Amino acid sequence: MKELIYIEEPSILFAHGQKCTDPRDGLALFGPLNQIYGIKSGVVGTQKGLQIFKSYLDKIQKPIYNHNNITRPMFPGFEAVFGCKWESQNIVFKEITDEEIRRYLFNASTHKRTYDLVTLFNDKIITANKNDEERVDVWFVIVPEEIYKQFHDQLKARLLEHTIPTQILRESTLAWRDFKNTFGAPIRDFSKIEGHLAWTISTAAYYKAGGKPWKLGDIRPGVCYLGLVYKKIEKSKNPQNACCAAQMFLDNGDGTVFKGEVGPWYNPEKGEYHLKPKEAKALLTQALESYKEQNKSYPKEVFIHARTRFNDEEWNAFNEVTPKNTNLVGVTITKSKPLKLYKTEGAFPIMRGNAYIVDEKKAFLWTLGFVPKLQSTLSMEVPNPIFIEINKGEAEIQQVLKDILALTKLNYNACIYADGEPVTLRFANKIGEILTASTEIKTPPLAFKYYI
Amino acid sequence: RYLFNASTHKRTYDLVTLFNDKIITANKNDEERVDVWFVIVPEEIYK
Amino acid sequence: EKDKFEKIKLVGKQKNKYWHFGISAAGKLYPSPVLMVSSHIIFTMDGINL
Amino acid sequence: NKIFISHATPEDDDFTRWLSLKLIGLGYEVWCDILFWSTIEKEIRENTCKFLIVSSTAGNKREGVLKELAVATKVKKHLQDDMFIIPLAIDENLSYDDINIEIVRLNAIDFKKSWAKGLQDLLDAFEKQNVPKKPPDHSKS
Amino acid sequence: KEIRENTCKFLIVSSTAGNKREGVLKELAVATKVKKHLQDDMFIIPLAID
Amino acid sequence: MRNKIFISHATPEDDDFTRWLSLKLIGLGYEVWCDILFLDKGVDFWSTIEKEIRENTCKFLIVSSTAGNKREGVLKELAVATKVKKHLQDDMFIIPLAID
Ligand SMILES: [Mg+2]
């Protein structure tokens, strides 16, 4: 028999300096940390899209209940939770006629239809942004049903060109009862989860409008956190491999910084998911200067993690550019290595947080599983564990595992208990997906509002 | 450093570059929203 | 017999189809010599014809 | 120095947890059946300061809330205070003309539109009527 | 129950003891509420005895 | 204690004007009793209104519009105001305000 150690779940810091574990439960009792006075919305869609959006925005002003309020907590309402005013009356509207949509989607092509639709929506948004007096914080693109049947990434990149926050909302999400189809049953019924949809939409809107929902408190001061993800831009001419990063360091005191580190550094080879010495030096220097500009001092340790191994050709450059006594640690997080642990007695899966330590440099973290607080499973069937390996450098495995849970506890795009992998990798992948569809953007913004 | 010496055009370009670099970098590399930016020009910069 | 080996059923019926339980395997030698088995479900139509 | 909240047991529960924890956060000692029969009757008489009753279709006919309301009315007729009972309207399918007696003559607060406005006006009323308090201790909630 | 389901014509006595008593006031409030639902102007017929 | 200046209005609309008037009058140093600002919660609805109209109102201002002049509560307060005016023998006690 082999023993599995347990890692206590991390705690996130909400308003008033109080700690909790579930964001859905900590936002209701205490609330967000910062004060934004209100969200002035903007809609770019058909007039029926405007009606749907206003109906939904009026519906979410009052409490909404789920079927199970232990697994899925209820929603008090936007103003009760966040202390803001996101009303359905201070709404700026830019209409798209059905004639334009039909003209641009009738036959055309595929790469021509998508380009034309993106041009139409972006022309409306950018024109409203540059020549108008009314201030709009978040732009809500209500996409009809015939448009979503590639567009999202193009829209986000071509708006990234001008740094405008945006949120795409299909009409099936907000009016799921009307789009019956089939033989009388909705294609996606939300009847039992209507308190989770409101939670997720509200938290996304709050974050994209300059708000700070929660923050991490249990992480080592001084150390950085970089996550490298490689994407194949090889779909176009001159096949290459682009790399993207994301940094999560802590402020000089009582703060959390979570941005991107982009400028994607390419690789001319085909299967070489690695980096050249000069590009590695540039990446490390940029990250270190980003940390030093905020904390007015150099880091104490750099914690680089990725889904792939690190060769000796890049680590030498990394050590060449690192100054003073800034240590470096390389970690590799594989996801689908075939090890499944069952339970001898019971129909419920293994608890989340169990770690099986193979060697001093390897471990088996369990991120998905059974959460006692929700009394339900975070996944389906038997959960799969992630594999953590200290590739390059010297560090303790337990500290690495604690840091992995801490990173897992930082998803702003959705309001859930936790994820199944560190959020830095996921956000870097999102950034890479956005930047691949673009056309040679120079010095992109480092804020997740424009990407997420 | 920037104000002293240099040409009358060069020093103005340097000060404008400094202020606008700060403003733009804060605009694109930050999360906090700023509706309007206020530039509090010191006394020596004016002359 | 009765589609059950040791009171555990390994083949049944899904509407007009039949479902079978299947496994794979793969060697591994670092921690200890093991045989990692992965589970699958294989569907047929008559019960003998894939 | 207490605050008493009466509600239906199976329904109108989530509102009560939310309100109770919010009021405890700001420093208002509240006595609700969720947090914890003769004890209730002693707290309505010798301990409570403001008696709040939740109005809903599920309520408005339950026996326990009616008995607590009757005891609260008897205490109000002796304490010489006209603001001892403050109904809270937390429904939208019950008219303002179908409210039971003994409370039908009192102006409600209308938590129906939004809960934050109701909480703000409740705190304003407490500050206006000089309900005792302690400095906010958000740890306890 | 009687004021809302069985009555046909409310009558209230008016005196210096009445018009200030709590029970009379509550019955009056319920009667006024029933008055609008029934759409009958002559529902409350006061009786002045003092 | 006849110093208050009672103001009556309609329930759903004709409220912004009443709020503006009450705020301006209180800023000017008068004393104004209104249903919007005053009338603390948990109080009997009509007994306090009657007591204020009888024993506390120096003047009685009623707003007149298509919204009002047909609502039951406005007419009730008007009847009580007329009774108090007849008792007080003050000719200028009800001052209509035609906002519409
Ligand atoms: Mg999103």
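Residues numbered from 1 in each chain as written, not as in the entry; some residues may be left out. Chains lettered and ligands numbered in written order. Part of a larger assembly, values for the part shown. Heavy atoms only, no water. Residues with missing side-chain atoms left out of burial classes, pairs and counts.

As stated in the entry header, the method of structure determination is cryo-EM and the reported resolution is 3.15 Å.

The next subject is the arrangement of the chains. Contact analysis covers five pairs of chains in contact, and the most contacts occur between chains D and F. With no contact formed, the shortest span from any C-alpha in chain B to any C-alpha in chain D equals 25 Å. Spatially, chain A is disjoint from chain E: no contact exists, and the shortest C-alpha separation is 28 Å. (Contact = heavy atoms within 4.5 Å.)

Pairs can form between side chains of opposite charge whenever their charged atoms are close. Residues and elements named next belong to chain A. Across the pair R177 and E194 runs a salt bridge, and its minimum N-O distance is 3.3 Å. One end of the pair, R177, is in the loop between α7 (171-174) and α8 (194-208); the other, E194, is in helix α8, and 17 residues separate them in sequence. One salt bridge in this structure joins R220 and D403, with 2.6 Å as the shortest N-O distance. Here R220, found in the loop between β8 (215-216) and β9 (224-232), pairs with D403, found in helix α11 (residues 397-408); they are 183 residues apart in sequence, far enough to count as distant. Three or more residues are tied together by salt bridges with common partners; here these are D22, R24, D25 and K373. (Salt bridge = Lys/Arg side-chain N within 4 Å of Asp/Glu carboxyl O. Helix = DSSP H or I, 4+ residues; strand = E, 2+ residues; numbered from the N terminus.)

Contact residues are listed per partner, giving 13 residues for chain A and eleven residues for chain D. Where the side of chain A that touches chain D is concerned, the elements lending two or more residues are α1 (23-29) and α3 (78-82) of chain A. Looking at the side of chain A that touches chain D, its residues break down into seven nonpolar, four polar and two charged. (Nonpolar A, V, L, I, M, F, W, Y, C, P; charged D, E, K, R; others polar.)

Moving on: the packing of aromatic side chains. Ring geometry for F310 of chain A against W315 of chain A: centres 5.8 Å apart, planes inclined by 45 degrees, an arrangement best described as tilted. Among the aromatic residues, those joined into a cluster by ring pairs are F53, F78, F82, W86, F140 and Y206 of chain A. In this structure, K362 of chain A packs its charged tip against the face of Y30 of chain C, placed 5.0 Å from the ring centre. (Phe/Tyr/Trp six-rings, centres within 6.5 Å; stacked < 30°, edge-to-face > 60°. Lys NZ or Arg CZ within 6 Å of the ring centre and 35° of its normal.)

All names here are of chain A. One open sheet accounts for nine strands, arranged β1-β14-β15-β18-β13-β12-β9-β10-β11; its pairing is mixed. Looking at which strands have only one partner, the edges of the open sheet turn out to be β1 (5-6) and β11 (256-265). Relative to strand β10 (residues 241-250), β9 is paired through five bridges, and the arrangement is antiparallel. Looking at the pairing, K231 lines up with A242 of β10. Here helix α10 (residues 312-321) sits on the sheet and contacts β9, β12 (301-306), β13 (327-334) and β18 (386-392); the angle it forms with β13, its principal contact strand, is near 145 degrees. (Pairing = 2+ DSSP bridges. Axes fitted to C-alpha atoms, helices over the stretch in contact; angles between N-to-C directions.)

Take the interface of chain F and chain D next. You'll often see interface size given as the accessible area lost when the parts meet. Between chain F and chain D, the contact holds eight residues from the first and twelve residues from the second. In terms of residue class, the side of chain F that touches chain D is made up of four nonpolar, one polar and three charged.

In this section: the pairing of strand β1 (residues 10-14) of chain E. Here five bridges tie β1 of chain E to strand β2 (residues 44-48) of chain E, and the two strands are oriented parallel to one another. When the bridges of β2 of chain E are listed, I12 of chain E appears paired with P46 of chain E.

Right, let's talk about the packing of helix α9 (residues 277-295) of chain A against α10 of chain A for a bit. Residues and elements named next belong to chain A. With their axes 9 Å apart at the nearest point, α9 and α10 run at an angle of 40 degrees to one another. When the interaxial angle is binned, α9 and α10 end up oblique. α9 and α10 meet at a crossing whose hand is right-handed. Of α10, the residues touching α9 (which contributes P277, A280, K281, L284 and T285) are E313, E314, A317, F318 and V321. For the contact of α9 with α10, the class distribution of residues is six nonpolar, one polar and three charged. (Parallel < 35°, antiparallel > 145°, perpendicular 65-115°, else oblique. Left-handed = near helix turned anticlockwise from the far one by under 90°.)

Time to look at the packing of helix α6 (residues 151-160) of chain A against helix α12 (residues 423-436) of chain A. Residues and elements named next belong to chain A. Where α6 meets α12, the closest approach of the two axes is 8 Å, and the angle between their N-to-C directions is 85 degrees. One finds that α6 runs roughly perpendicular with respect to α12. Taking contact as the criterion, the partners of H152, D153, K156, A157 and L160 in α6 are, on α12, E433, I434 and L435. Of the residues contributing to the contact of α6 with α12, the split by class is four nonpolar, one polar and three charged.

What follows deals with the pairing of strand β15 (residues 362-365) of chain A. Residues and elements named next belong to chain A. Where strand β14 (residues 354-359) and β15 come together, three bridges link them in antiparallel fashion. The residue of β15 that forms the bridge with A355 is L365. The antiparallel hairpin formed by β14 and β15 contains two residues in its connecting segment. Bridge count between β15 and β18: four bridges; the pairing is antiparallel. Each bridged residue has a counterpart across the sheet, and for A363 the counterpart in β18 is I388.

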